[PDB]
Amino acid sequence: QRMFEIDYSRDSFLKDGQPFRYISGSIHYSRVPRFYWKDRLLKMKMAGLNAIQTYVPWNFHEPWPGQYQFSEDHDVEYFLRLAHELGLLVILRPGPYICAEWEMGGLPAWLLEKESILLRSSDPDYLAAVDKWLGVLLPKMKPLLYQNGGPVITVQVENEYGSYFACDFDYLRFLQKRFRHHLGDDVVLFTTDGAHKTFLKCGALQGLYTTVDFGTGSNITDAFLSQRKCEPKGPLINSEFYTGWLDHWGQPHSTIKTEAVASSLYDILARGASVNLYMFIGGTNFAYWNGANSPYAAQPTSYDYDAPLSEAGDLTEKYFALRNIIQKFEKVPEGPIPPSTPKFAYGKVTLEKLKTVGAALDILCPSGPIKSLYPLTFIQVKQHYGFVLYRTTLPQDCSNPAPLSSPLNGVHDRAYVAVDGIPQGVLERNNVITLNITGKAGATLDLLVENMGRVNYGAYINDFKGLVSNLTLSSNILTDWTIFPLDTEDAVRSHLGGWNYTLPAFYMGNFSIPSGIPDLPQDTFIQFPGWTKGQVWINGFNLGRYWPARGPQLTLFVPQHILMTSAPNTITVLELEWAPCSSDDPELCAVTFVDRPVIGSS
């Protein structure tokens, strides 16, 4: 019955034998709570989009080999059926690498158990893992294909492979074969690359439809000319037309002017091109899901992106401007649009110190530490995200400051250093590779090391994390390590089993919200004035990382569905550098909930 094809004669798609052009927006289901999926998708439909595009992050669904997450917030099949329900078609981008400002570009960290693995290549072990994953993911996607009665009209193979150094065409051919095996011969498969011959050279493949991406700064004629060199016939397609841009901690918040996005969008549509707006809603990197760029710079918790729908799904002036552009080409749905959610300022909530990390090792590491002559990486100790404690003893007296150093810049990515429970400061990847320390001979030297997010783009995506090379004290290699993987997520859920720098520590407090009030709880934004850098949970849900010391993001988005009215709400903060809690004023040791986000602080 149902057909979706490239017709090479009208330089067009044909949907059920009819000319069809898609106007799509990116929404990542892994970046929006399922609680809000229908809200965001309906707002997208009301803007006049006839499709949405999404990434399937492999690491979000296969945390360990043969252990799968496809329920609740991880229910990609439900997300796709919901789009279909709403009358939206779907452009699926299952990777296996997705880039996406996401931890290791979507690639599971357990791949790095083979230390020499060449990711995104014909490396047999990488291929074998990909094949197993595709064997689980793609039969799920097959019934969701358009010709089988679902919304999925096209499927991207890999992601900007032309930008990667390997240029392994056999790898692309493998993916083509395997996608065809599972999905059949009719599904439109495609690739996306930068709009230049240099990018297309290694990214394009025979039998995969070549598309390009570009934002508001690109010459649109030249960009499509570059696509046309690869595909003389067929639809013009811009698969990632940038509505904004990504951020890094410590760098000014990225914005793109509404007038520029509207002007380029109109230009692209008027050409008869299919287009996807990246991002339409950006949402949030909750927990440890953010990625990084090289030279090492992590992206923040917010993935607001300056997108047409704000992080919390708000209707922006950019949203209405783009909807007005779409309306010049297509009739958009009638009726009022679902509103921006109400936001509530719950106000100040005092916290109290629970325990330092150092005092909580029984709860954080209930299996006991691993001993090693030299330091081991996160992967070697079977921990992918969060924090690992490295412990040794001082081999000499350090009454005078002694250089603690990682000569090969092997602190990936940041270490909070203490000696006999006295904080010494911080080692930082690419920035501070030496720190002067003091303490007695035999004193306990602790390094709490944070994985700040695995690099998601470029050659250095094989990003192990931890102490990846030796530390020296006064030029001498430090040996005899006691390494504690830290079960932070379990420990926070159990209130740590109790069911200038400060020592890394957990602080906790409670706030209640009244029941029987129709419009509470509401969404809110948590702010950390006086704090420095850490992690935050509300009711055990890891909301991500805060860093008001660096910016530009000051507030974190808190979705209302994790807040309750039946029992008090708990807030737990892991502060890594300096807590405003040593003062004799308990009111200082506190967080604040505000009703407007601050993501563009200077």
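We number the residues from 1 along the sequence you see. Basically, rigid core = biggest C-alpha set you can superpose within 1.5 Å across the two forms.
After superposing on the rigid core, the larger RMS C-alpha deviation in 5 other deposited structures of this protein belongs to 490 to 498, the other candidate being whichever of 155 to 163 and 490 to 498 remains. Counting the deposited residues that fall between residue 499 and residue 500 and carry no coordinates gives a value of 10 or more. On average the C-alpha atoms of 389 to 397 have higher B-factors than those of the other stretch, with 453 to 461 and 389 to 397 being the two compared. Checked against the record, the higher mean CA B factor of 413 to 421 and 344 to 352 lies with 413 to 421. Among 111, 445, 298, 322, the highest C-alpha B-factor recorded in the PDB entry belongs to 445. Per the deposited coordinates, the residue with the largest Cα temperature factor out of 307, 520, 189, 359 is 359.
In the deposited entry, the Cα temperature factor of residue 222 places it in the middle third of its chain's modelled residues. In this PDB entry, the Cα temperature factor of residue 34 sits in the bottom third of its chain's modelled residues, the lowest group.
Annotation for residue 81: CA B-factor lies in the lowest third of the chain's modelled residues. Remark: residue 552 belongs to the middle third of its chain, ranked by C-alpha B-factor as recorded. In the PDB entry, residue 53 places in the lowest third of its chain by CA B-factor.
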